[PDB]
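As stored in input-v8.txt (compact mmCIF, N, CA and C atoms):
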```
# COMPACT_ATOMS: atom_id res chain seq x y z
N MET M 1 0.83 -1.20 0.00
CA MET M 1 0.00 0.00 0.00
C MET M 1 0.87 1.26 0.00
N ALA M 2 0.38 2.31 -0.65
CA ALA M 2 1.13 3.54 -0.79
C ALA M 2 0.15 4.68 -1.07
N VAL M 3 0.64 5.91 -0.95
CA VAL M 3 -0.13 7.10 -1.25
C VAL M 3 0.41 7.66 -2.57
N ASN M 4 -0.43 7.63 -3.60
CA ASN M 4 -0.01 7.92 -4.97
C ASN M 4 -0.73 9.15 -5.49
N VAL M 5 -0.26 9.65 -6.63
CA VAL M 5 -0.85 10.81 -7.28
C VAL M 5 -1.34 10.44 -8.67
N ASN M 6 -0.68 9.46 -9.29
CA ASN M 6 -1.01 9.10 -10.67
C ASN M 6 -2.29 8.28 -10.75
N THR M 7 -2.54 7.43 -9.76
CA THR M 7 -3.71 6.56 -9.75
C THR M 7 -4.61 6.94 -8.58
N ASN M 8 -5.92 6.95 -8.83
CA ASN M 8 -6.93 7.17 -7.79
C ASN M 8 -7.97 6.07 -7.96
N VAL M 9 -7.71 4.92 -7.34
CA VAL M 9 -8.61 3.77 -7.49
C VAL M 9 -9.96 4.04 -6.84
N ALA M 10 -9.97 4.76 -5.72
CA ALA M 10 -11.23 5.13 -5.09
C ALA M 10 -12.06 6.01 -6.02
N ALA M 11 -11.40 6.91 -6.75
CA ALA M 11 -12.11 7.73 -7.73
C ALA M 11 -12.71 6.87 -8.83
N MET M 12 -11.97 5.85 -9.29
CA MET M 12 -12.51 4.95 -10.31
C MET M 12 -13.72 4.18 -9.78
N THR M 13 -13.65 3.72 -8.54
CA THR M 13 -14.79 3.03 -7.93
C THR M 13 -16.00 3.95 -7.86
N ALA M 14 -15.78 5.19 -7.42
CA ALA M 14 -16.88 6.15 -7.32
C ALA M 14 -17.47 6.45 -8.69
N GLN M 15 -16.62 6.59 -9.71
CA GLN M 15 -17.12 6.83 -11.06
C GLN M 15 -17.93 5.64 -11.57
N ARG M 16 -17.46 4.42 -11.32
CA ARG M 16 -18.19 3.24 -11.78
C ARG M 16 -19.57 3.16 -11.13
N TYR M 17 -19.63 3.35 -9.81
CA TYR M 17 -20.93 3.27 -9.16
C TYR M 17 -21.81 4.47 -9.51
N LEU M 18 -21.20 5.62 -9.79
CA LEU M 18 -21.97 6.78 -10.25
C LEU M 18 -22.60 6.52 -11.61
N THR M 19 -21.85 5.91 -12.53
CA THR M 19 -22.41 5.59 -13.84
C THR M 19 -23.50 4.53 -13.72
N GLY M 20 -23.31 3.55 -12.83
CA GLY M 20 -24.37 2.57 -12.60
C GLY M 20 -25.64 3.21 -12.08
N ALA M 21 -25.51 4.10 -11.09
CA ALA M 21 -26.67 4.79 -10.55
C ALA M 21 -27.32 5.68 -11.59
N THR M 22 -26.52 6.35 -12.42
CA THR M 22 -27.07 7.19 -13.48
C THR M 22 -27.83 6.37 -14.50
N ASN M 23 -27.30 5.20 -14.88
CA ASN M 23 -28.01 4.34 -15.81
C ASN M 23 -29.33 3.86 -15.22
N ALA M 24 -29.32 3.48 -13.94
CA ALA M 24 -30.56 3.08 -13.29
C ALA M 24 -31.56 4.23 -13.25
N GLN M 25 -31.08 5.44 -12.98
CA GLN M 25 -31.95 6.61 -12.93
C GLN M 25 -32.56 6.91 -14.29
N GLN M 26 -31.77 6.82 -15.36
CA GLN M 26 -32.31 7.04 -16.70
C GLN M 26 -33.33 5.97 -17.07
N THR M 27 -33.06 4.71 -16.71
CA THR M 27 -34.03 3.66 -16.99
C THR M 27 -35.34 3.90 -16.25
N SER M 28 -35.26 4.28 -14.97
CA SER M 28 -36.47 4.56 -14.20
C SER M 28 -37.23 5.75 -14.77
N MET M 29 -36.51 6.80 -15.17
CA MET M 29 -37.16 7.96 -15.76
C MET M 29 -37.85 7.61 -17.07
N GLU M 30 -37.20 6.79 -17.91
CA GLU M 30 -37.83 6.37 -19.16
C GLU M 30 -39.08 5.56 -18.90
N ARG M 31 -39.03 4.63 -17.94
CA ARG M 31 -40.21 3.84 -17.62
C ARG M 31 -41.33 4.69 -17.03
N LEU M 32 -40.98 5.72 -16.27
CA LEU M 32 -42.01 6.57 -15.68
C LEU M 32 -42.65 7.49 -16.72
N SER M 33 -41.84 8.09 -17.60
CA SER M 33 -42.39 8.99 -18.61
C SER M 33 -43.18 8.22 -19.66
N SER M 34 -42.65 7.08 -20.11
CA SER M 34 -43.34 6.30 -21.13
C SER M 34 -44.61 5.67 -20.60
N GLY M 35 -44.62 5.27 -19.33
CA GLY M 35 -45.73 4.52 -18.77
C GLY M 35 -45.69 3.04 -19.06
N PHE M 36 -44.63 2.54 -19.69
CA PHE M 36 -44.48 1.13 -20.01
C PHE M 36 -43.21 0.59 -19.37
N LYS M 37 -43.34 -0.55 -18.70
CA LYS M 37 -42.18 -1.22 -18.12
C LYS M 37 -41.24 -1.73 -19.21
N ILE M 38 -41.78 -2.18 -20.33
CA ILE M 38 -41.00 -2.74 -21.43
C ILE M 38 -41.03 -1.73 -22.56
N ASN M 39 -39.92 -1.01 -22.73
CA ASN M 39 -39.76 0.00 -23.80
C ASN M 39 -38.73 -0.49 -24.83
N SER M 40 -38.04 -1.59 -24.56
CA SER M 40 -37.18 -2.28 -25.51
C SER M 40 -37.14 -3.76 -25.13
N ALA M 41 -36.61 -4.58 -26.03
CA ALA M 41 -36.49 -6.01 -25.79
C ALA M 41 -35.43 -6.34 -24.75
N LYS M 42 -34.50 -5.43 -24.47
CA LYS M 42 -33.52 -5.67 -23.42
C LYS M 42 -34.15 -5.66 -22.04
N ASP M 43 -35.29 -4.98 -21.88
CA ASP M 43 -36.02 -5.06 -20.61
C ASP M 43 -36.57 -6.46 -20.39
N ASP M 44 -37.27 -7.00 -21.39
CA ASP M 44 -37.80 -8.36 -21.31
C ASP M 44 -38.14 -8.80 -22.73
N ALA M 45 -37.46 -9.84 -23.22
CA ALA M 45 -37.70 -10.31 -24.59
C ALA M 45 -39.03 -11.05 -24.68
N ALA M 46 -39.19 -12.11 -23.89
CA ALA M 46 -40.45 -12.85 -23.89
C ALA M 46 -41.60 -11.96 -23.44
N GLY M 47 -41.34 -11.07 -22.47
CA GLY M 47 -42.35 -10.11 -22.08
C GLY M 47 -42.76 -9.20 -23.22
N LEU M 48 -41.78 -8.73 -24.00
CA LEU M 48 -42.09 -7.90 -25.16
C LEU M 48 -42.94 -8.66 -26.17
N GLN M 49 -42.57 -9.91 -26.45
CA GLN M 49 -43.34 -10.70 -27.42
C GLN M 49 -44.77 -10.93 -26.93
N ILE M 50 -44.92 -11.28 -25.65
CA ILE M 50 -46.25 -11.53 -25.10
C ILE M 50 -47.09 -10.26 -25.13
N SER M 51 -46.50 -9.13 -24.72
CA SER M 51 -47.23 -7.88 -24.72
C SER M 51 -47.63 -7.46 -26.12
N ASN M 52 -46.74 -7.64 -27.10
CA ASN M 52 -47.07 -7.29 -28.48
C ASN M 52 -48.19 -8.16 -29.01
N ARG M 53 -48.15 -9.47 -28.73
CA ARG M 53 -49.20 -10.35 -29.23
C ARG M 53 -50.53 -10.06 -28.54
N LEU M 54 -50.51 -9.76 -27.24
CA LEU M 54 -51.75 -9.38 -26.57
C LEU M 54 -52.29 -8.06 -27.09
N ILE R 325 -85.70 1.88 -42.74
CA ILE R 325 -84.35 1.83 -43.30
C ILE R 325 -83.52 3.01 -42.82
N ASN R 326 -84.13 4.20 -42.73
CA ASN R 326 -83.42 5.37 -42.25
C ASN R 326 -83.01 5.22 -40.80
N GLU R 327 -83.89 4.65 -39.97
CA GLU R 327 -83.54 4.42 -38.57
C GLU R 327 -82.35 3.47 -38.46
N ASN R 328 -82.39 2.36 -39.21
CA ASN R 328 -81.28 1.41 -39.16
C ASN R 328 -79.99 2.02 -39.71
N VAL R 329 -80.09 2.83 -40.77
CA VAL R 329 -78.92 3.47 -41.34
C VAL R 329 -78.31 4.46 -40.36
N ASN R 330 -79.15 5.23 -39.67
CA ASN R 330 -78.65 6.14 -38.65
C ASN R 330 -77.97 5.39 -37.52
N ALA R 331 -78.54 4.26 -37.10
CA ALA R 331 -77.90 3.45 -36.07
C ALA R 331 -76.53 2.95 -36.52
N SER R 332 -76.45 2.44 -37.75
CA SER R 332 -75.16 1.95 -38.25
C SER R 332 -74.15 3.08 -38.38
N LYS R 333 -74.58 4.25 -38.84
CA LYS R 333 -73.67 5.38 -38.96
C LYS R 333 -73.20 5.86 -37.59
N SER R 334 -74.07 5.81 -36.58
CA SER R 334 -73.63 6.10 -35.22
C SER R 334 -72.61 5.08 -34.73
N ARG R 335 -72.79 3.81 -35.10
CA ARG R 335 -71.83 2.79 -34.68
C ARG R 335 -70.44 3.03 -35.26
N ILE R 336 -70.35 3.62 -36.45
CA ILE R 336 -69.07 3.79 -37.13
C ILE R 336 -68.50 5.19 -36.92
N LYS R 337 -69.32 6.22 -37.07
CA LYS R 337 -68.85 7.60 -37.06
C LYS R 337 -68.99 8.28 -35.70
N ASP R 338 -70.12 8.10 -35.02
CA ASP R 338 -70.33 8.75 -33.74
C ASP R 338 -69.36 8.23 -32.69
N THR R 339 -68.93 9.12 -31.80
CA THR R 339 -67.93 8.80 -30.80
C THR R 339 -68.57 8.17 -29.57
N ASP R 340 -67.77 7.37 -28.86
CA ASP R 340 -68.16 6.79 -27.58
C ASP R 340 -67.63 7.70 -26.48
N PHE R 341 -68.54 8.39 -25.78
CA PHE R 341 -68.11 9.42 -24.85
C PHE R 341 -67.39 8.84 -23.64
N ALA R 342 -67.81 7.68 -23.14
CA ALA R 342 -67.15 7.09 -21.99
C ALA R 342 -65.71 6.70 -22.31
N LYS R 343 -65.51 5.98 -23.42
CA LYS R 343 -64.16 5.59 -23.81
C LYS R 343 -63.30 6.80 -24.12
N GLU R 344 -63.88 7.81 -24.78
CA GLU R 344 -63.11 9.00 -25.13
C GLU R 344 -62.71 9.79 -23.89
N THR R 345 -63.61 9.92 -22.91
CA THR R 345 -63.25 10.61 -21.68
C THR R 345 -62.18 9.84 -20.91
N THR R 346 -62.29 8.51 -20.87
CA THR R 346 -61.25 7.72 -20.22
C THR R 346 -59.90 7.91 -20.92
N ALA R 347 -59.90 7.91 -22.25
CA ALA R 347 -58.66 8.12 -22.99
C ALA R 347 -58.10 9.52 -22.74
N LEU R 348 -58.97 10.53 -22.67
CA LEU R 348 -58.51 11.89 -22.40
C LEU R 348 -57.88 11.99 -21.02
N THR R 349 -58.51 11.40 -20.01
CA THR R 349 -57.93 11.42 -18.67
C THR R 349 -56.59 10.69 -18.64
N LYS R 350 -56.52 9.53 -19.31
CA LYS R 350 -55.26 8.79 -19.36
C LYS R 350 -54.16 9.60 -20.02
N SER R 351 -54.49 10.28 -21.12
CA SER R 351 -53.52 11.14 -21.78
C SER R 351 -53.08 12.29 -20.88
N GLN R 352 -54.02 12.88 -20.13
CA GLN R 352 -53.65 13.97 -19.23
C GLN R 352 -52.69 13.49 -18.14
N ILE R 353 -52.99 12.36 -17.50
CA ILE R 353 -52.08 11.85 -16.47
C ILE R 353 -50.72 11.50 -17.08
N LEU R 354 -50.72 10.97 -18.30
CA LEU R 354 -49.44 10.70 -18.96
C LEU R 354 -48.66 11.98 -19.21
N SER R 355 -49.36 13.06 -19.59
CA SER R 355 -48.68 14.34 -19.80
C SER R 355 -48.07 14.86 -18.51
N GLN R 356 -48.80 14.75 -17.39
CA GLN R 356 -48.23 15.19 -16.12
C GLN R 356 -47.05 14.32 -15.71
N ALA R 357 -47.13 13.01 -15.98
CA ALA R 357 -46.01 12.12 -15.66
C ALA R 357 -44.77 12.50 -16.45
N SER R 358 -44.94 12.75 -17.76
CA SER R 358 -43.80 13.18 -18.57
C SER R 358 -43.30 14.55 -18.14
N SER R 359 -44.19 15.43 -17.69
CA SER R 359 -43.77 16.71 -17.13
C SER R 359 -42.85 16.51 -15.93
N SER R 360 -43.27 15.67 -14.98
CA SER R 360 -42.45 15.43 -13.80
C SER R 360 -41.12 14.79 -14.17
N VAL R 361 -41.14 13.83 -15.09
CA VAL R 361 -39.91 13.16 -15.50
C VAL R 361 -38.96 14.14 -16.17
N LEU R 362 -39.49 15.01 -17.04
CA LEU R 362 -38.64 15.99 -17.72
C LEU R 362 -38.07 17.00 -16.73
N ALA R 363 -38.89 17.45 -15.77
CA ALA R 363 -38.39 18.37 -14.76
C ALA R 363 -37.29 17.74 -13.92
N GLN R 364 -37.43 16.46 -13.58
CA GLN R 364 -36.37 15.77 -12.85
C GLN R 364 -35.12 15.58 -13.71
N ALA R 365 -35.30 15.27 -15.00
CA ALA R 365 -34.16 15.01 -15.88
C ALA R 365 -33.41 16.28 -16.23
N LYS R 366 -34.06 17.44 -16.17
CA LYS R 366 -33.38 18.71 -16.43
C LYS R 366 -32.36 19.07 -15.36
N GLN R 367 -32.13 18.21 -14.37
CA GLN R 367 -31.27 18.53 -13.24
C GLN R 367 -30.01 17.67 -13.17
N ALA R 368 -29.85 16.70 -14.06
CA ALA R 368 -28.65 15.86 -14.07
C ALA R 368 -27.39 16.67 -14.37
N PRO R 369 -27.41 17.59 -15.35
CA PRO R 369 -26.23 18.46 -15.53
C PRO R 369 -25.93 19.33 -14.32
N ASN R 370 -26.92 19.60 -13.45
CA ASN R 370 -26.60 20.22 -12.17
C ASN R 370 -25.71 19.31 -11.32
N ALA R 371 -26.01 18.01 -11.31
CA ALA R 371 -25.15 17.06 -10.63
C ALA R 371 -23.77 17.01 -11.27
N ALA R 372 -23.71 17.19 -12.59
CA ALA R 372 -22.41 17.31 -13.25
C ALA R 372 -21.66 18.55 -12.77
N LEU R 373 -22.38 19.67 -12.63
CA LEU R 373 -21.77 20.93 -12.22
C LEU R 373 -21.25 20.88 -10.79
N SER R 374 -22.02 20.28 -9.87
CA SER R 374 -21.60 20.20 -8.48
C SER R 374 -20.33 19.38 -8.31
N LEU R 375 -20.04 18.48 -9.25
CA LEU R 375 -18.82 17.69 -9.18
C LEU R 375 -17.59 18.52 -9.56
N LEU R 376 -17.76 19.53 -10.41
CA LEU R 376 -16.64 20.37 -10.82
C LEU R 376 -16.18 21.25 -9.67
N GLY R 377 -14.87 21.40 -9.54
CA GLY R 377 -14.29 22.22 -8.49
C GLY R 377 -12.94 21.72 -8.02
```
Could you take the file, read its structure, and then write that structure out as structure tokens?
Amino acid sequence: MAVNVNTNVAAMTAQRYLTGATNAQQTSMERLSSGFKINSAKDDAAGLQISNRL
Amino acid sequence: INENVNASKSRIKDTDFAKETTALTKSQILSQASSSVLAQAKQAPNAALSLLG
């Protein structure tokens, strides 16, 4: 262990979890504005097919 | 024949007020939901700004 200036691993961890939280926030906002849980097949493929057929 | 023709024309052309009012209310609530979502989303660059410094 050492105290460095070139690398900030804690900063990388914070950035990774920040991007994860931002992606979750955008997904939730899209689902809330659209009013549909399934807005693409990546949300649910079989769910998308069933909803489309219904 | 005129009575039956008027009935058929009402079935095709005349609107269903209950279904239309339900659709209008649903559209209104959807508009308010998109309003709230857009107002919340207009603030992410503020989170970007608070990180700068």
Contact check, chain R to segment 1-21 of chain M, at most 12 Å, counting only C-alpha atoms, closest pairs as a Markdown table:
```
| residue | atom | partner | partner_atom | distance |
| --- | --- | --- | --- | --- |
| R:368 | CA | M:21 | CA | 11.8 |
| R:371 | CA | M:18 | CA | 10.8 |
| R:372 | CA | M:18 | CA | 11.0 |
| R:375 | CA | M:15 | CA | 11.2 |
```
Check your understanding: What are the residues of chain R that have an atom within 8 Å of an atom of chain M, counting only N, CA and C atoms, as a VMD selection string?
Key -> chain R and resid 354 to 362 365
For the residues selected in the previous step, produce a file with N, CA and C atoms as an mmCIF file, keeping the file's coordinate frame.
```cif
data_model
loop_
_atom_site.group_PDB
_atom_site.id
_atom_site.type_symbol
_atom_site.label_atom_id
_atom_site.label_comp_id
_atom_site.auth_asym_id
_atom_site.auth_seq_id
_atom_site.Cartn_x
_atom_site.Cartn_y
_atom_site.Cartn_z
ATOM 1 N N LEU R 354 -50.720 10.970 -18.300
ATOM 2 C CA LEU R 354 -49.440 10.700 -18.960
ATOM 3 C C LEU R 354 -48.660 11.980 -19.210
ATOM 4 N N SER R 355 -49.360 13.060 -19.590
ATOM 5 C CA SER R 355 -48.680 14.340 -19.800
ATOM 6 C C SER R 355 -48.070 14.860 -18.510
ATOM 7 N N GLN R 356 -48.800 14.750 -17.390
ATOM 8 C CA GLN R 356 -48.230 15.190 -16.120
ATOM 9 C C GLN R 356 -47.050 14.320 -15.710
ATOM 10 N N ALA R 357 -47.130 13.010 -15.980
ATOM 11 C CA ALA R 357 -46.010 12.120 -15.660
ATOM 12 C C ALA R 357 -44.770 12.500 -16.450
ATOM 13 N N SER R 358 -44.940 12.750 -17.760
ATOM 14 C CA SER R 358 -43.800 13.180 -18.570
ATOM 15 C C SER R 358 -43.300 14.550 -18.140
ATOM 16 N N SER R 359 -44.190 15.430 -17.690
ATOM 17 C CA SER R 359 -43.770 16.710 -17.130
ATOM 18 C C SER R 359 -42.850 16.510 -15.930
ATOM 19 N N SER R 360 -43.270 15.670 -14.980
ATOM 20 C CA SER R 360 -42.450 15.430 -13.800
ATOM 21 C C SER R 360 -41.120 14.790 -14.170
ATOM 22 N N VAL R 361 -41.140 13.830 -15.090
ATOM 23 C CA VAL R 361 -39.910 13.160 -15.500
ATOM 24 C C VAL R 361 -38.960 14.140 -16.170
ATOM 25 N N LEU R 362 -39.490 15.010 -17.040
ATOM 26 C CA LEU R 362 -38.640 15.990 -17.720
ATOM 27 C C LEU R 362 -38.070 17.000 -16.730
ATOM 28 N N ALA R 365 -35.300 15.270 -15.000
ATOM 29 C CA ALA R 365 -34.160 15.010 -15.880
ATOM 30 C C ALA R 365 -33.410 16.280 -16.230
#
```
Review point. What does the distance from atom CA of residue 46 of chain M to atom CA of residue 353 of chain R come to in Å, to one decimal?
Key: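 These two atoms are separated by 28.3 Å.
Atom C of residue 36 of chain M lies 14.2 Å from atom C of residue 350 of chain R.
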Check your understanding: Between atom N of residue 366 of chain R and atom CA of residue 27 of chain M, what is the distance, to one decimal in Å?
Key ->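 Atom-to-atom, atom N of residue 366 of chain R and atom CA of residue 27 of chain M are spaced 13.8 Å apart.
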